[PDB]
Amino acid sequence: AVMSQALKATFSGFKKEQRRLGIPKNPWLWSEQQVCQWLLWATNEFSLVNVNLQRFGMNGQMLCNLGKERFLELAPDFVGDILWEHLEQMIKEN
Ligand SMILES: [Ca+2]
């Protein structure tokens, strides 16, 4: 809500990372490696120790095809809510 709104501002940071690693703006286009790259950016950005990387061995098409419910089961507690907010914004906007 207030925390989600505030932390949404740092998501802009990933745009610099996308240009850096040649990650397309639209997640539908992402390779299994570019999905991993997004999760590694977040692991560093938000200091994580367990993004379930083995659970995200998928293309950007599969990632886009998971809904909020499946995404949150797979992703770690509270962190999943942060990642979902970023993912859904990227799908909606680019
Ligand atoms: Ca789109």
# chains A, B, ... in the order shown; residues from 1 in each chain; ligands from 1
call {"tool": "residues_around", "arguments": {"residues": "stretch 35-47 of chain A", "least_positions_apart": "5", "cutoff": "8 Å", "atoms": "only C-alpha atoms", "output": "ChimeraX atom specification"}}
result
/A:14,17,30,53,56-60,63,83
call {"tool": "write_last_selection", "arguments": {"atoms": "N, CA, C and O atoms", "output": "compact mmCIF listing (two decimals), in the first residue's frame"}}
result
# COMPACT_ATOMS: atom_id res chain seq x y z
N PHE A 14 15.74 -0.81 -12.73
CA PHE A 14 15.86 -1.98 -13.58
C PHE A 14 15.99 -1.63 -15.06
O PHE A 14 16.60 -2.40 -15.80
N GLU A 17 19.53 -1.55 -15.96
CA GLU A 17 19.97 -2.94 -15.99
C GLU A 17 19.58 -3.64 -17.30
O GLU A 17 20.35 -4.47 -17.79
N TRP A 30 11.43 -12.20 -23.12
CA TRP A 30 12.55 -12.71 -22.33
C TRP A 30 12.91 -14.18 -22.48
O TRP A 30 12.04 -15.05 -22.45
N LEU A 53 15.21 -19.49 -7.47
CA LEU A 53 15.73 -19.50 -8.84
C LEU A 53 15.43 -20.80 -9.58
O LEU A 53 15.11 -20.76 -10.77
N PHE A 56 11.98 -20.75 -11.14
CA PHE A 56 11.83 -19.79 -12.24
C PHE A 56 12.72 -20.13 -13.46
O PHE A 56 13.18 -19.23 -14.17
N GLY A 57 12.91 -21.43 -13.71
CA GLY A 57 13.64 -21.92 -14.86
C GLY A 57 12.68 -21.93 -16.03
O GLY A 57 12.23 -22.99 -16.48
N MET A 58 12.30 -20.72 -16.49
CA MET A 58 11.31 -20.53 -17.54
C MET A 58 11.57 -19.29 -18.37
O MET A 58 12.26 -18.37 -17.92
N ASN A 59 10.97 -19.28 -19.56
CA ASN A 59 10.92 -18.24 -20.57
C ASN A 59 10.06 -17.07 -19.99
O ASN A 59 9.25 -17.28 -19.08
N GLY A 60 10.15 -15.90 -20.62
CA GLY A 60 9.33 -14.75 -20.29
C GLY A 60 7.87 -14.97 -20.65
O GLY A 60 7.00 -14.32 -20.09
N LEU A 63 6.50 -16.87 -17.56
CA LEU A 63 6.51 -15.87 -16.48
C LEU A 63 5.28 -15.00 -16.61
O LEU A 63 4.51 -14.89 -15.65
N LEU A 83 8.17 -8.32 -6.17
CA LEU A 83 8.48 -8.78 -7.52
C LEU A 83 7.27 -8.77 -8.44
O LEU A 83 7.38 -8.36 -9.58
call {"tool": "select_by_dssp", "arguments": {"residues": "stretch 11-63 of chain A", "states": "alpha helix (DSSP H)", "output": "VMD selection string"}}
result
chain A and resid 14 to 20 32 to 45 60 to 63
call {"tool": "write_last_selection", "arguments": {"atoms": "C-alpha atoms", "output": "mmCIF file, in the first residue's frame"}}
result
data_model
loop_
_atom_site.group_PDB
_atom_site.id
_atom_site.type_symbol
_atom_site.label_atom_id
_atom_site.label_comp_id
_atom_site.auth_asym_id
_atom_site.auth_seq_id
_atom_site.Cartn_x
_atom_site.Cartn_y
_atom_site.Cartn_z
ATOM 1 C CA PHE A 14 15.859 -1.980 -13.577
ATOM 2 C CA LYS A 15 15.559 0.016 -16.879
ATOM 3 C CA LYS A 16 19.349 0.826 -16.613
ATOM 4 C CA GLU A 17 19.974 -2.943 -15.990
ATOM 5 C CA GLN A 18 17.857 -3.896 -19.090
ATOM 6 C CA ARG A 19 19.954 -1.599 -21.360
ATOM 7 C CA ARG A 20 23.133 -3.016 -19.658
ATOM 8 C CA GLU A 32 15.091 -18.190 -19.445
ATOM 9 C CA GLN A 33 18.462 -16.328 -18.738
ATOM 10 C CA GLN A 34 16.794 -12.855 -18.848
ATOM 11 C CA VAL A 35 14.160 -14.088 -16.320
ATOM 12 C CA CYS A 36 17.158 -15.210 -14.094
ATOM 13 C CA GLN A 37 18.852 -11.775 -14.684
ATOM 14 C CA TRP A 38 15.706 -9.901 -13.485
ATOM 15 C CA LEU A 39 15.645 -12.044 -10.317
ATOM 16 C CA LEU A 40 19.409 -11.487 -9.763
ATOM 17 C CA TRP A 41 18.941 -7.670 -10.080
ATOM 18 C CA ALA A 42 16.231 -7.865 -7.371
ATOM 19 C CA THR A 43 18.383 -10.208 -5.162
ATOM 20 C CA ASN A 44 21.097 -7.510 -5.144
ATOM 21 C CA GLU A 45 18.745 -4.440 -5.052
ATOM 22 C CA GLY A 60 9.325 -14.746 -20.295
ATOM 23 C CA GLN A 61 6.200 -16.241 -21.942
ATOM 24 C CA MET A 62 5.713 -18.669 -19.006
ATOM 25 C CA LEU A 63 6.513 -15.875 -16.484
#
call {"tool": "residues_near_ligand", "arguments": {"ligand": "ligand 1", "cutoff": "8 Å", "atoms": "only C-alpha atoms and all ligand atoms", "output": "ChimeraX atom specification"}}
result
/A:26-28,90-94
call {"tool": "write_last_selection", "arguments": {"atoms": "N, CA and C atoms", "output": "PDB file, in the first residue's frame"}}
result
ATOM      1  N   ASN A  26       9.903  -5.483 -22.932  1.00  0.00           N
ATOM      2  CA  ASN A  26       8.717  -6.339 -22.813  1.00  0.00           C
ATOM      3  C   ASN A  26       9.090  -7.738 -22.304  1.00  0.00           C
ATOM      4  N   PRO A  27       8.584  -8.137 -21.109  1.00  0.00           N
ATOM      5  CA  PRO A  27       8.957  -9.445 -20.550  1.00  0.00           C
ATOM      6  C   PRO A  27       8.502 -10.665 -21.353  1.00  0.00           C
ATOM      7  N   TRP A  28       7.503 -10.518 -22.247  1.00  0.00           N
ATOM      8  CA  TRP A  28       7.001 -11.607 -23.085  1.00  0.00           C
ATOM      9  C   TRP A  28       8.139 -12.168 -23.949  1.00  0.00           C
ATOM     10  N   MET A  90       5.672  -3.914 -15.622  1.00  0.00           N
ATOM     11  CA  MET A  90       6.436  -4.090 -16.863  1.00  0.00           C
ATOM     12  C   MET A  90       5.582  -4.696 -17.961  1.00  0.00           C
ATOM     13  N   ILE A  91       4.677  -5.629 -17.605  1.00  0.00           N
ATOM     14  CA  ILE A  91       3.787  -6.263 -18.595  1.00  0.00           C
ATOM     15  C   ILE A  91       2.777  -5.244 -19.077  1.00  0.00           C
ATOM     16  N   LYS A  92       2.233  -4.448 -18.147  1.00  0.00           N
ATOM     17  CA  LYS A  92       1.205  -3.455 -18.449  1.00  0.00           C
ATOM     18  C   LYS A  92       1.748  -2.315 -19.287  1.00  0.00           C
ATOM     19  N   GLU A  93       2.922  -1.795 -18.908  1.00  0.00           N
ATOM     20  CA  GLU A  93       3.510  -0.633 -19.548  1.00  0.00           C
ATOM     21  C   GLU A  93       4.394  -0.973 -20.715  1.00  0.00           C
ATOM     22  N   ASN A  94       5.190  -2.033 -20.698  1.00  0.00           N
ATOM     23  CA  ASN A  94       6.043  -2.297 -21.865  1.00  0.00           C
ATOM     24  C   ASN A  94       5.952  -3.721 -22.329  1.00  0.00           C
TER      25      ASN A  94
END
call {"tool": "atom_distance", "arguments": {"atom1": "atom CA of residue A:80", "atom2": "atom CA of residue A:1"}}
result
14.5 Å
call {"tool": "closest_residue", "arguments": {"among": "A:48, A:22, A:29, A:64", "to": "residue A:78", "atoms": "only C-alpha atoms"}}
result
A:48
call {"tool": "closest_residue", "arguments": {"among": "A:49, A:82, A:24, A:89", "to": "residue A:7", "atoms": "only C-alpha atoms"}}
result
A:82
call {"tool": "atom_distance", "arguments": {"atom1": "atom CA of residue A:73", "atom2": "atom CA of residue A:50"}}
result
13.5 Å
call {"tool": "closest_residue", "arguments": {"among": "A:25, A:8, A:70, A:55", "to": "residue A:85", "atoms": "only C-alpha atoms"}}
result
A:8
call {"tool": "atom_distance", "arguments": {"atom1": "atom CA of residue A:51", "atom2": "atom CA of residue A:75"}}
result
6.3 Å
